[PDB]
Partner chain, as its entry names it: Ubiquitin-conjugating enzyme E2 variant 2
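Next up: a single chain in structure tokens, the form solved without its partner chain.
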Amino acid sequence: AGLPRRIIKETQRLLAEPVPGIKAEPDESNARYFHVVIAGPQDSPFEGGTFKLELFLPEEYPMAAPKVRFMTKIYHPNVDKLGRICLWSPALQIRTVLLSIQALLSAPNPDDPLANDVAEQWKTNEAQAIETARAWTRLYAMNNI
């Protein structure tokens, strides 16, 4: 019945002390959903892009992890065609998750356990994969306001 203390107070600190380089604010209608904007890191294949994500706090949060999805299309080994992200300690929080997603953009080269098709292309034809990520950045993450 209403939001738990944990979400009310964490949302207040998230608005008062945002993650640098990351916009994150709760939805006006359902405060369990957050609209996130992450800038493509400079020097990454995503430079110039801005990437919109939806973050959702399940009823079990923080005993269960937030659910997160790119709403902007992105060519990345950890992100599928649905925008679902591959990457839980209830001692962590939203800002921890956002920091990890930002780091994914800064170092997109795939970790060895990944086996999906984009990870394999990035592993075997890295120069081509990077050019593809830049094209998708220009096509989907720019002129995207």
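Positions refer to the first chain, counted from 1.
As for the form deposited with its partner chain bound, it is not shown, yet the points below apply to it.
- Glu131 falls outside the set of residues with a heavy atom inside 4.5 Å of its partner chain in the entry with it bound.
- Under a 4.5 angstroms non-hydrogen atom cutoff, its partner chain in the entry with it bound has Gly83 among its neighbouring residues.
- In the entry with it bound, its partner chain lies farther than 4.5 Å from every heavy atom of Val36.
- Of the residues in 42-61, those that come within 4.5 Å of its partner chain in the entry with it bound through at least one heavy atom are, in sequence order, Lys52, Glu54, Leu55, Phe56, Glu59.
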